[PDB]
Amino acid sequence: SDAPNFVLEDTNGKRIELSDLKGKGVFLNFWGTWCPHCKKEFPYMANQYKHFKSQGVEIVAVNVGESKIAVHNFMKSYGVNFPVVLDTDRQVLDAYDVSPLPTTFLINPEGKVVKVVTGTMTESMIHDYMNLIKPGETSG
């Protein structure tokens, strides 16, 4: 049930450790630039993140070991506005035993995996999933 801890660099070179996000809900995505689901769902995530960032939900979109350039090109094409990290050796992918691409893990403020999602997600499902993990209620 507990999300394995990991440390990866984001696309700006910043160290991101999962446990440094305790107290927040984490929408943890594993994805590749070629994935039909990701091309569709990344824009929905980016629109939802505009609302949920200020409700204590963080997104960590773990790319499965593709190049910096391929990742950058995808992020620009799909308007990504949330943290993307590079699982350069697929170590984290292996720790989470991820099969289909993509896979999403809903992690609560305590670091517990509350749902694993491999199906297609509408923007509404993404909204409800972020609600499922946000730390209580935050005032406007």
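Just count from 1 along the sequence shown to find any residue number.
Relative to its counterpart among 56-64 and 111-119, 111-119 has the higher mean temperature factor, C-alpha atoms as listed in the PDB entry. Looking at 93-101 and 40-48 together, the entry lists the larger mean B-factor for 93-101, computed on C-alpha atoms.
When the modelled residues of the chain are ordered by their C-alpha B factor, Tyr78 lands in the highest third. The PDB entry assigns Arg15 a C-alpha temperature factor belonging to the highest third of its chain's modelled residues.
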